[PDB]
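Visitor: Below are the structure tokens for one structure; questions will follow.
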Amino acid sequence: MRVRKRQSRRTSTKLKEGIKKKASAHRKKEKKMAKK
Amino acid sequence: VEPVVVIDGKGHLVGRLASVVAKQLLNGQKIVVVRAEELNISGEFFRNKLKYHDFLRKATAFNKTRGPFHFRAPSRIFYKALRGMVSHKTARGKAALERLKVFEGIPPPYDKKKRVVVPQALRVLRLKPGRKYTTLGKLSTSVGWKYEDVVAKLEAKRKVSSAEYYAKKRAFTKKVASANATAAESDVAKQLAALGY
Amino acid sequence: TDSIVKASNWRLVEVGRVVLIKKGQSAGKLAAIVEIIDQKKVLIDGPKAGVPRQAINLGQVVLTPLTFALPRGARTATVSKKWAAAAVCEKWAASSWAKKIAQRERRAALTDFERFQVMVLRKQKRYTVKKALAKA
Amino acid sequence: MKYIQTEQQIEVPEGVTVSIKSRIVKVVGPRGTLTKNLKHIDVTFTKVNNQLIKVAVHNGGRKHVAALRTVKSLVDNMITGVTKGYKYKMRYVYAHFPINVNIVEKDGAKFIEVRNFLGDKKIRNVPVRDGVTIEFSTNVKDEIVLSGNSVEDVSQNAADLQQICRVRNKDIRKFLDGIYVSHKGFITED
Amino acid sequence: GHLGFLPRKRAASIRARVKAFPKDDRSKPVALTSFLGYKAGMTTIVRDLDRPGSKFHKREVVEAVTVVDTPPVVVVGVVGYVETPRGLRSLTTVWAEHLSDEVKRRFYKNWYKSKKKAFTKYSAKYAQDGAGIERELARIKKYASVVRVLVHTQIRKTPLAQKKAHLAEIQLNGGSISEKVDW
Amino acid sequence: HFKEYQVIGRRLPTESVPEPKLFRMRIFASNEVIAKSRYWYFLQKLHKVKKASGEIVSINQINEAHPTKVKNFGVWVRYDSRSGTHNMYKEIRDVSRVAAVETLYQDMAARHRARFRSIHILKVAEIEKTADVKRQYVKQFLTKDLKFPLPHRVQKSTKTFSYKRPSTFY
RNA sequence: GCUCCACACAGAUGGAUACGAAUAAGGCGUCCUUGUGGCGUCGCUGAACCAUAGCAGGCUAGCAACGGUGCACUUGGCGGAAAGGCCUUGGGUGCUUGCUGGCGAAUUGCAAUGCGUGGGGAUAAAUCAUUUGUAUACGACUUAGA
RNA sequence: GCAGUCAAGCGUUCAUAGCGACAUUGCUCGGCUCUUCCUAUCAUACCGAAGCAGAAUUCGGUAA
RNA sequence: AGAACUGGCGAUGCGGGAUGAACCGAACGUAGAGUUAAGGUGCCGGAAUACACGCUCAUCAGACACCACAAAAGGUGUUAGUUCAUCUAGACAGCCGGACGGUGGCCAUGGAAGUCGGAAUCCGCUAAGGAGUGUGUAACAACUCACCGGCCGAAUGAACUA
RNA sequence: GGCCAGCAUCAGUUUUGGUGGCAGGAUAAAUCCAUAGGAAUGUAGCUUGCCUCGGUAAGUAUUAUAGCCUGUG
């Protein structure tokens with residue numbers, strides 16, 4: 001068959017570093033939500 | 001140790017096979033894999049086929065006569081597995097590859113010549129019993145290669161001639177092994193024993 | 001009209017199976033499987049060979065085709081009793097495998113002059129053997 | 001939990017003998033011989049007393065033990081395949097158009113021609129496997145009998161014979177027409 | 001356009017070579033599989049049409065046909081090909097010992113200046129009981145899975161002012177390779 | 001590789017309270033320093049004390065009583081997870097307590113992804129009588145005259161090229 | 001290409017030592033009911049096996065046996081997958097360390113590895129120019145002409 | 001979407017410190033022309049379900 | 001989003017993170033030798049196709065990273081657990097049989113006998129059988145299981161967590 | 001007296017082996033030996049069932065014609 005497009009496993013540097021910022025954002029939320 | 005080194009790429013593992021051939025070269029050792037078709041990979045057929053197929057889907061969009069040349073022949077199919085395993089764009093690479101030689105089946109003067117194996121890339125040893133592997137002969141055929149049959153045919157006949165040769169061999173061996181046994185316990189002999197030989 | 005199903009015969013790991021240690025402090029000595037611990041580890045002791053009683057991996061060891069009658073959990077003296085009574089040491093020395101090990105050790109500790117004796121003796125043996133052939 | 005030893009017992013009757021090297025099985029007996037490759041399965045056979053056979057899997061997961069029982073089933077199926085045999089009786093029903101089932105031999109293929117199914121000009125050719133024999137039931141209307149040694153030969157041929165007669169783009173409820181395996185059994189009843 | 005008919009470039013020669021051949025049955029009698037001539041002509045035919053099921057059954061149809069001129073093709077050799085994992089490979093060709101002026105013309109681009117010394121030593125190679133020719137014919141019959149016939153056209157019997165005939169290769173679909181090489 | 005340690009502590013002797021109760025426990029560790037640290041970590045959880053409030057009085061290596069006799073151990077384990085902590089009872093056949101807890105720690109990491117800081121070893125006991133050995137994979141080895149082979153053995157190569165086509169007999 | 005003259009000179013260092021297939025199986029030896037056959041034996045590394053001693057291997061005296069090997073003549077058979085090599089029939093011919101004699105080695109000084117040109121002649125062919133037009137931007141192609 | 005009805009559990013013990021999914025109940029800048037690609041396919045190909053008598057059709061699957 | 005304090009970059013080369021403004025290492029004269037950091041040791045690529053216990057098969061696995069987003073789940077993938085259950089007074093599975101009479105309970109209505117539907121849903125008899133679990137007939141019948149009982153002989157069952 | 005080298009005995013920095021003496025802990029724990037109890041995945045024996053002649057099976061039997069565990073020294 002016509003073999004469809006494969007997703008990449010190369011994580012671009014913008015993605016990888018943006019992943020770190022989103023992670024640390026989830027921390028700051030979790031520390032605040034722990035107090036209530 | 002030898003000038004040349006003929007590998008019997010049967011029941012091997014492309015990867016571990018290539019990687020043990022690759023470096024072997026770069027170190028200036030001449031090598032000639034044979035019986036490539038009979039080579040092996042790892043994983044339920046379909047699996048690989050599906051794999052390759054996606055590779056067979058990559059072409060220089062605007063001019064596909066320029067992009068990744070997709071080779072079928074089990075050889076080439078295993079030359080690309082060893083190639084991308086050697087800085088093949090430099091000079092020290094080209095010079096390396098140049099002392100490498102892949103053959104699907106066994107032709108002369110390789111036939112009439114000793115042929116080794118690579119334990120560290122032997123499927124029987126490496127793989128765990130009861131775990132689908134994917135011969136190379138199949139994958140190839142079911143993707144373009146069109147000489148599976150011929151070789152097969154030309155391979156069976158290449159064995160026969162081989163068998164007979166042997167037969168003759170086992171005999172002449174026996175004869176020598178029997179004469180020797182009869183040379184035992186003869187001062188000289190006796191002595192050697194004390195010196196292991 | 002027989003039901004010939006053959007065979008796939010192995011060396012079973014059992015209590016009283018004599019083994020040969022590949023690597024370690026002992027390395028090349030015989031021991032007997034005293035007790036089986038699990039799939040990977042056994043308990044071994046060869047008192048006459050000199051190896052202390054220890055828990056060892058079956059990766060470290062290789063089974064030899066010889067067996068003897070040993071009761072399970074046997075202490076060193078009991079192992080030495082059945083070891084000597086069955087005479088597994090002489091049955092080991094009788095085998096081709098011990099002869100091959102001793103063969104490599106004999107060739108290792110050879111002097112150059114003794115190696116030159118082997119040179120000369122093989123020349124003489126070659127002569128008589130080549131005369132023994134080209135006859136039949 | 002990774003079993004140390006798992007075994008089944010293949011019971012061999014008087015008339016048959018089982019010869020096995022590597023993983024290729026003879027069942028030589030009264031009706032004939034049957035052979036089966038099993039080198040895909042990874043087991044160990046043990047003949048205990050010339051009348052009982054012990055299959056064996058050492059160090060097997062749930063997947064490997066699941067293979068262990070199917071060897072016992074297949075080798076036993078060869079045994080009952082030789083002692084008793086297999087007999088599949090297929091009854092074919094029709095509403096209006098008389099189904100005309102015949103055996104033809106073009107180029108030595110021994111085909112089964114299925115003509116006039118639901119008033120159809122196409123002539124359905126079913127291949128007959130090597131070891132399955134076809135005769136028609138006397139004194140019973142609209143019946144075809146499939147008989148041989150192997151379970152695969154008889155039953156796959158029975159499956160082929162009823163999958164060529166598919167009621168296409170119509171009802172299931174209204175159109176009864178087709179060929180159907182009425183009875184799965186043995187040649188010699190005891 | 002049609003992407004199959006690419007690259008849309010000028011051919012290697014006017015005589016295009018046949019890319020594939022009809023299969024092979026090893027019980028059929030020995031017969032040629034392809035023929036050549038010289039296309040030149042076009043003309044109109046009427047015929048009554050015995051094509052049942054048509055709107056023109058037992059009616060008459062006018063239609064355009066073409067006339068290729070085909071002088072009797074002359075055999076001047078045979079080629080044997082071994083089956084390889086690399087395709088086919090010609091191991092031995094054999095010729096006719098005495099060939100026409102037309103084919104010795106095909107072997108040169110400038111015909112008039114030459115000493116016309118084409119197959120002189122090959123014909124002198126024949127000049128005995130055979131011995132080497134029968135050796136090469138044994139070589140073909142022993143090996144060589146397919147056998148193709150070297151032919152040429154009768155250019156002089158055609159009104160063309162070319163004088164220079166075309167060599168070709170035509171396989172044989174008659175079984176037993178022995179009967180191929182002996183035909 | 002492990003070592004068993006008897007580690008004691010008695011919250012530092014002050015005025016009006018002389019000689020407190022000397023809290024003793026057995027700690028599996030790699031060395032003395034880790035054993036001490038693990039002991040303080042356990043004390044803070046068993047009751048409300050601190051590292052500065054007490055003192056290590058005696059640290060002692062507990063050697064195994066009979067390191068030649070194969071035993072049938074049963075280990076009561078609890079450990080912190082992806083969720084809340086929970087008890088577990090695994091049965092281990094081994095020669096020594098050190099080696100049995102060793103096989104446990106590697107198995108806990110392998111099947112449950114718990115590192116060294118999560119695992120609280122509660123109680124390691126010998127199971128004296130067989131047919132009281134609960135787990136079936138341990139009772140698997142307690143049968144009479146157990147004779148099992150090791151089919152399909154790998155032969156470890158010292159070189160890259162072999163001249164035999166290896167025979168995986170046993 | 002042949003002939004006549006003149007000149008020029010990516011890593012050898014004992015041997016790539018050939019059954020095929022299976023791996024929960026095999027190899028070899030023997031025997032017979034000739035078979036998916038019985039019995040014996042082998043592996044667990046090529047750590048092998050074959051070759052291997054002579055001024056970098058000289059010169060000679062022999063003794064034992066019809067062997068081993070080199071060189072070139074030679075009877076075929078075989079090899080098409082890159083066959084370009086494999087066995088075999090013999091005659092000659094040196095050498096043989098199978099065993100025993102007979103001579104020579106220095107001073108090397110205590111290490112420094114120790115097959116093309118530039119012209120002739122003879123004869124095959126190609127290109128240009130001519131003609132062609134199934135070709136044609138120019139190239140190229142197809143032609144034609146002692 | 002808002003409010004309520006349930007309600008696996010967790011809440012620092014734990015249902016009466018509270019959060020709480022799927023349901024459920026309340027009214028209510030545009031366009032001409034070409035090349036290539038995607039499938040989330042309108043048709044063509046083969047199927048499954050459908051009161052699918054036949055014809056016609058509806059939904060769904062593979063499918064570029 | 002606002003302060004404070006803190007590092008880094010800025011005026012800073014070099015090792016590593018395949019690649020690079022802020023990520024890990026790192027006291028820059030010119031050289032020699034040894035040892036290391038972070039990162040690594042299949043080959044590209046210098047360095048173990050090391051050793052040991054495990055887990056995973058992915059129809060485009062995974063190598064990834066405060067374990068952050070689609071993330072709550074679905075799955076008859078697989079391995080470990082926990083809590084309740086049965087079990088040689090015979091566990092689960094499997095067929096073989098009983099599976100009852102009041103009773104065709106009342107309204108319903110052409111016909112509804114457990115099984116189109118509306119409400120209780122009771123008694124007796126047992127080893128156990130529901131005013132009935134589905135298939136079925138117009139209505140019944142017949143079959144089915146839930147409940148027992150007969151051979152069969154060791155483990156099995158459910159709900160959660162990882 | 002210039003260029004390059006080899007060896008020896010030396011000195012500084014370092015890398016890599018071989019072998020001896022001690023000291024610590026439960027003055028290692030073990031093993032081994034002597035003694036006292038136990039159960040077993042039960043050992044010889046003994047009893048019993050039904051068969052290919054003696055194998056197996058279901059009880060006893062604390063080791064007797066295998067052994068093991070625990071305790072004290």
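Ordering of the structure tokens sets the chain letters (A, B, ...), residue numbers begin anew at 1 in every chain, and ligands are numbered from 1 in the order given.
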Listing only residues of chain B within 12 Å of chain C, what is the closest atom pair and its distance in Å (to one decimal) for each, using only C-alpha atoms, sorted by chain and residue number ascending, as a tab-separated table?
Guide:
```
residue	atom	partner	partner_atom	distance
B:172	CA	C:133	CA	10.0
B:173	CA	C:133	CA	11.3
B:174	CA	C:133	CA	11.5
B:175	CA	C:133	CA	7.9
B:176	CA	C:133	CA	7.2
B:177	CA	C:129	CA	10.1
B:178	CA	C:132	CA	9.9
B:179	CA	C:132	CA	6.3
B:180	CA	C:129	CA	6.5
B:181	CA	C:129	CA	9.9
B:182	CA	C:132	CA	9.0
B:183	CA	C:129	CA	7.1
B:184	CA	C:125	CA	9.7
B:185	CA	C:125	CA	11.3
B:186	CA	C:125	CA	9.1
B:187	CA	C:121	CA	9.7
B:188	CA	C:121	CA	6.0
B:189	CA	C:125	CA	7.1
B:190	CA	C:121	CA	10.3
B:191	CA	C:121	CA	8.2
B:192	CA	C:118	CA	6.7
B:193	CA	C:103	CA	9.1
B:194	CA	C:106	CA	8.4
B:195	CA	C:106	CA	6.7
B:196	CA	C:103	CA	5.6
B:197	CA	C:118	CA	7.9
```
Visitor: Would you kindly report the residues of chain G within 7 Å of chain C, using only C-alpha atoms (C1' of nucleotides), as a PDB file with N, CA and C atoms (P, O5', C5', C4', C3', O3' and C1' of nucleotides), in the first residue's frame?
Guide:
```
ATOM      1  P     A G  25      14.636 -30.699  18.587  1.00  0.00           P
ATOM      2  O5'   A G  25      16.154 -31.120  18.822  1.00  0.00           O
ATOM      3  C5'   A G  25      16.937 -31.704  17.764  1.00  0.00           C
ATOM      4  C4'   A G  25      17.965 -30.712  17.281  1.00  0.00           C
ATOM      5  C3'   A G  25      19.007 -31.275  16.322  1.00  0.00           C
ATOM      6  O3'   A G  25      18.527 -31.174  14.983  1.00  0.00           O
ATOM      7  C1'   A G  25      20.087 -30.079  18.069  1.00  0.00           C
ATOM      8  P     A G  47      42.547 -19.580  19.356  1.00  0.00           P
ATOM      9  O5'   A G  47      43.554 -20.687  19.907  1.00  0.00           O
ATOM     10  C5'   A G  47      44.929 -20.762  19.470  1.00  0.00           C
ATOM     11  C4'   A G  47      45.749 -21.588  20.440  1.00  0.00           C
ATOM     12  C3'   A G  47      45.525 -23.101  20.390  1.00  0.00           C
ATOM     13  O3'   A G  47      46.738 -23.838  20.554  1.00  0.00           O
ATOM     14  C1'   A G  47      45.058 -22.302  22.566  1.00  0.00           C
ATOM     15  P     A G  53      62.537 -26.610   8.478  1.00  0.00           P
ATOM     16  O5'   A G  53      62.838 -26.559  10.041  1.00  0.00           O
ATOM     17  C5'   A G  53      63.273 -25.342  10.684  1.00  0.00           C
ATOM     18  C4'   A G  53      64.608 -25.547  11.358  1.00  0.00           C
ATOM     19  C3'   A G  53      65.815 -25.586  10.418  1.00  0.00           C
ATOM     20  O3'   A G  53      66.901 -24.770  10.842  1.00  0.00           O
ATOM     21  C1'   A G  53      65.718 -27.578  11.713  1.00  0.00           C
ATOM     22  P     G G  67      55.774 -45.736  -3.663  1.00  0.00           P
ATOM     23  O5'   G G  67      55.880 -44.994  -2.259  1.00  0.00           O
ATOM     24  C5'   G G  67      55.859 -43.559  -2.196  1.00  0.00           C
ATOM     25  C4'   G G  67      56.000 -43.091  -0.769  1.00  0.00           C
ATOM     26  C3'   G G  67      55.904 -41.584  -0.589  1.00  0.00           C
ATOM     27  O3'   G G  67      54.537 -41.202  -0.455  1.00  0.00           O
ATOM     28  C1'   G G  67      57.832 -42.401   0.533  1.00  0.00           C
ATOM     29  P     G G  68      53.892 -40.120  -1.455  1.00  0.00           P
ATOM     30  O5'   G G  68      54.510 -38.745  -0.940  1.00  0.00           O
ATOM     31  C5'   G G  68      54.200 -38.246   0.376  1.00  0.00           C
ATOM     32  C4'   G G  68      55.043 -37.039   0.714  1.00  0.00           C
ATOM     33  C3'   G G  68      55.131 -35.949  -0.341  1.00  0.00           C
ATOM     34  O3'   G G  68      53.982 -35.104  -0.361  1.00  0.00           O
ATOM     35  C1'   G G  68      57.289 -36.386   0.522  1.00  0.00           C
ATOM     36  P     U G  97      67.921 -35.058   4.500  1.00  0.00           P
ATOM     37  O5'   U G  97      67.083 -35.789   5.644  1.00  0.00           O
ATOM     38  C5'   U G  97      67.231 -35.437   7.036  1.00  0.00           C
ATOM     39  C4'   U G  97      65.937 -34.883   7.603  1.00  0.00           C
ATOM     40  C3'   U G  97      65.033 -34.121   6.642  1.00  0.00           C
ATOM     41  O3'   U G  97      63.666 -34.251   7.033  1.00  0.00           O
ATOM     42  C1'   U G  97      65.900 -32.623   8.256  1.00  0.00           C
ATOM     43  P     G G  98      62.760 -35.453   6.462  1.00  0.00           P
ATOM     44  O5'   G G  98      63.224 -36.707   7.332  1.00  0.00           O
ATOM     45  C5'   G G  98      62.736 -36.912   8.676  1.00  0.00           C
ATOM     46  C4'   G G  98      62.977 -38.338   9.117  1.00  0.00           C
ATOM     47  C3'   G G  98      64.387 -38.644   9.599  1.00  0.00           C
ATOM     48  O3'   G G  98      64.506 -38.352  10.989  1.00  0.00           O
ATOM     49  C1'   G G  98      63.722 -40.276   8.012  1.00  0.00           C
TER      50        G G  98
END
```
Visitor: Quick one: pick out all strand (DSSP E or B) residues within chain E from a backbone DSSP run and write them as a ChimeraX atom specification.
Guide: /E:25,32,38-39,43-49,59-65,68-69,74-84,87-95,146-152,167-172,174
Visitor: Give me the residues near residue 111 in chain D as an NGL selection string, where near means some atom within 12 Å (using only C-alpha atoms (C1' of nucleotides)) and where sequence neighbours in that chain fewer than 6 positions away do not count.
Guide: :D and (101-105 or 123-130 or 132-134 or 157 or 160-161)
Visitor: Find the residues in chain B near chain I: any atom within 6 Å counts, using only C-alpha atoms (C1' of nucleotides). Write them as a list in words.
Guide: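 So the residues of chain B near chain I are residues 19, 85, 86 and 87 of chain B.
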Visitor: Counting only C-alpha atoms, which residues from chain C have an atom at most 7 Å from any atom of chain F, and could you show them as a list in words?
Guide: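 Every residue meeting the condition is included here: residues 10, 11, 12, 13, 14, 37, 53 and 54 of chain C.
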Visitor: Which residues are close to range 36-44 of chain H, i.e. within 12 Å by only C-alpha atoms (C1' of nucleotides), leaving aside same-chain residues fewer than 4 positions away? Reply as a list in words.
Guide: residues 4 and 5 of chain A; 61, 62 and 63 of chain B; 62, 63 and 64 of chain H
Visitor: Mind pulling up the distance from CA of residue 76 in chain D to CA of residue 53 in chain D?
Guide: 10.3 Å
Visitor: Calculate how many Å separate CA of residue 40 in chain D from CA of residue 160 in chain B, rounding to one decimal.
Guide: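 Spanning CA of residue 40 in chain D to CA of residue 160 in chain B is a straight-line distance of 26.9 Å.
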Visitor: Compile the contact shell of residue 50 in chain C as a list in words: residues with an atom at most 10 Å away, counting only C-alpha atoms (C1' of nucleotides), same-chain residues fewer than 4 positions apart removed.
Guide: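 With the cut-off at 10 Å, the set is residues 26, 29, 30, 31, 45 and 46 of chain C.
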Visitor: Excluding same-chain residues fewer than 3 positions from range 25-39 of chain J, what lies within 9 Å of it counting only C-alpha atoms (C1' of nucleotides), as a list in words?
Guide: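 Residues near the query, excluding close chain neighbours: residues 52, 53, 75, 76 and 77 of chain C; 60, 61, 62, 63, 64, 65, 66, 67, 68 and 129 of chain F; 62, 69, 70, 71, 72 and 73 of chain J.
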Visitor: Tell me as a list in words which residues belonging to chain F come within 8 Å of chain B, counting only C-alpha atoms.
Guide: residues 154, 155, 157, 160, 161, 162, 163, 165 and 166 of chain F
Visitor: Those residues with N, CA and C atoms, as a tab-separated table (two decimals), in the first residue's frame please?
Guide:
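File written: out.tsv
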```tsv
chain	number	residue	atom	x	y	z
F	154	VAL	N	25.26	-20.72	25.31
F	154	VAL	CA	26.18	-19.88	24.53
F	154	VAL	C	27.63	-20.18	24.90
F	155	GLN	N	28.49	-20.22	23.88
F	155	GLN	CA	29.93	-20.38	24.05
F	155	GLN	C	30.60	-19.02	23.84
F	157	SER	N	33.06	-16.31	23.04
F	157	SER	CA	34.21	-16.18	22.14
F	157	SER	C	35.25	-15.21	22.69
F	160	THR	N	37.12	-12.69	17.26
F	160	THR	CA	36.03	-12.24	16.38
F	160	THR	C	35.62	-13.30	15.37
F	161	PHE	N	36.59	-14.07	14.89
F	161	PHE	CA	36.35	-15.10	13.88
F	161	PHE	C	36.49	-16.52	14.44
F	162	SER	N	35.48	-17.35	14.17
F	162	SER	CA	35.47	-18.76	14.55
F	162	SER	C	35.52	-19.65	13.30
F	163	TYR	N	35.99	-20.88	13.49
F	163	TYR	CA	36.23	-21.82	12.39
F	163	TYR	C	35.46	-23.14	12.55
F	165	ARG	N	31.44	-23.13	13.23
F	165	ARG	CA	29.97	-23.02	13.28
F	165	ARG	C	29.50	-23.67	14.59
F	166	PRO	N	29.39	-22.86	15.68
F	166	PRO	CA	29.35	-23.34	17.07
F	166	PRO	C	28.22	-24.32	17.37
```
Visitor: What residues in chain A have any atom no more than 10 Å from chain I when counting only C-alpha atoms (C1' of nucleotides), and can you write them as a count of residues only?
Guide: 21
Visitor: What residues in range 46-120 of chain E get the DSSP label helix (DSSP H, G or I)? Please answer as number ranges by chain.
Guide: E: 101-106, 120
Visitor: Excluding residue 32 in chain F and its own-chain neighbours fewer than 3 positions away, which residues fall within 12 Å of it when counting only C-alpha atoms (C1' of nucleotides)? Please give them as a PyMOL selection string.
Guide: chain F and resi 2-7+27-29+35-39+56+58-62
Visitor: Keeping only N, CA, C and O atoms, write the selected residues as a tab-separated table (two decimals), in the first residue's frame.
Guide:
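Below you can see out-v1.tsv, which holds the result:
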```
chain	number	residue	atom	x	y	z
F	2	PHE	N	26.05	-5.96	49.69
F	2	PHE	CA	25.57	-5.51	51.00
F	2	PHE	C	26.32	-6.03	52.23
F	2	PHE	O	27.29	-6.79	52.11
F	3	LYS	N	25.85	-5.60	53.40
F	3	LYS	CA	26.42	-5.90	54.71
F	3	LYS	C	25.34	-5.55	55.73
F	3	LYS	O	24.69	-4.50	55.62
F	4	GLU	N	25.15	-6.41	56.73
F	4	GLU	CA	24.14	-6.19	57.77
F	4	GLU	C	24.74	-5.51	59.00
F	4	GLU	O	25.80	-5.92	59.49
F	5	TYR	N	24.05	-4.49	59.50
F	5	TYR	CA	24.54	-3.68	60.62
F	5	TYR	C	23.53	-3.52	61.75
F	5	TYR	O	22.39	-3.10	61.52
F	6	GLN	N	23.95	-3.86	62.96
F	6	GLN	CA	23.21	-3.55	64.19
F	6	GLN	C	23.57	-2.13	64.60
F	6	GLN	O	24.72	-1.85	64.95
F	7	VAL	N	22.58	-1.24	64.55
F	7	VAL	CA	22.83	0.17	64.85
F	7	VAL	C	21.88	0.61	65.97
F	7	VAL	O	20.65	0.44	65.85
F	27	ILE	N	20.22	-3.13	59.99
F	27	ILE	CA	20.24	-2.32	58.76
F	27	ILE	C	21.16	-2.92	57.70
F	27	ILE	O	22.35	-3.13	57.93
F	28	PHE	N	20.57	-3.18	56.53
F	28	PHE	CA	21.31	-3.61	55.35
F	28	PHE	C	21.81	-2.38	54.59
F	28	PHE	O	21.03	-1.48	54.26
F	29	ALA	N	23.12	-2.35	54.34
F	29	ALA	CA	23.79	-1.25	53.63
F	29	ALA	C	25.06	-1.76	52.95
F	29	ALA	O	25.39	-2.94	53.08
F	35	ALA	N	24.73	2.95	56.54
F	35	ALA	CA	23.95	2.28	57.60
F	35	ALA	C	23.51	3.24	58.70
F	35	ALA	O	22.37	3.19	59.16
F	36	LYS	N	24.44	4.12	59.10
F	36	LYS	CA	24.21	5.14	60.13
F	36	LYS	C	23.15	6.13	59.67
F	36	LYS	O	22.21	6.43	60.42
F	37	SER	N	23.30	6.62	58.44
F	37	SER	CA	22.38	7.57	57.81
F	37	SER	C	20.98	6.99	57.64
F	37	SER	O	19.98	7.69	57.87
F	38	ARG	N	20.90	5.72	57.24
F	38	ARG	CA	19.63	5.01	57.10
F	38	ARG	C	18.93	4.83	58.44
F	38	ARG	O	17.70	4.93	58.51
F	39	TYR	N	19.72	4.57	59.49
F	39	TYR	CA	19.20	4.43	60.85
F	39	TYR	C	18.52	5.70	61.38
F	39	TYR	O	17.44	5.62	61.98
F	56	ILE	N	24.82	7.59	67.88
F	56	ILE	CA	25.16	6.21	67.55
F	56	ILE	C	26.08	5.69	68.66
F	56	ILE	O	27.19	6.22	68.86
F	58	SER	N	26.59	2.03	69.26
F	58	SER	CA	27.30	0.88	68.70
F	58	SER	C	26.84	0.54	67.29
F	58	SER	O	25.64	0.39	67.02
F	59	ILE	N	27.82	0.45	66.38
F	59	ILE	CA	27.62	-0.06	65.03
F	59	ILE	C	28.45	-1.33	64.86
F	59	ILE	O	29.65	-1.34	65.15
F	60	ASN	N	27.80	-2.41	64.43
F	60	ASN	CA	28.42	-3.73	64.42
F	60	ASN	C	27.99	-4.54	63.20
F	60	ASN	O	26.80	-4.58	62.86
F	61	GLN	N	28.96	-5.17	62.55
F	61	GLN	CA	28.68	-6.01	61.39
F	61	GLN	C	28.17	-7.37	61.86
F	61	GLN	O	28.86	-8.09	62.59
F	62	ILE	N	26.94	-7.70	61.46
F	62	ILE	CA	26.34	-9.00	61.77
F	62	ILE	C	26.65	-9.97	60.63
F	62	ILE	O	26.01	-9.95	59.57
```
Visitor: Quote the spacing between CA of residue 39 in chain D and CA of residue 49 in chain B in Å to one decimal place.
Guide: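 Between CA of residue 39 in chain D and CA of residue 49 in chain B the gap works out to 23.5 Å.
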Visitor: Quick check: residues of chain B within 8 Å of chain E, only C-alpha atoms, returned as a VMD selection string.
Guide: chain B and resid 147 150 to 151
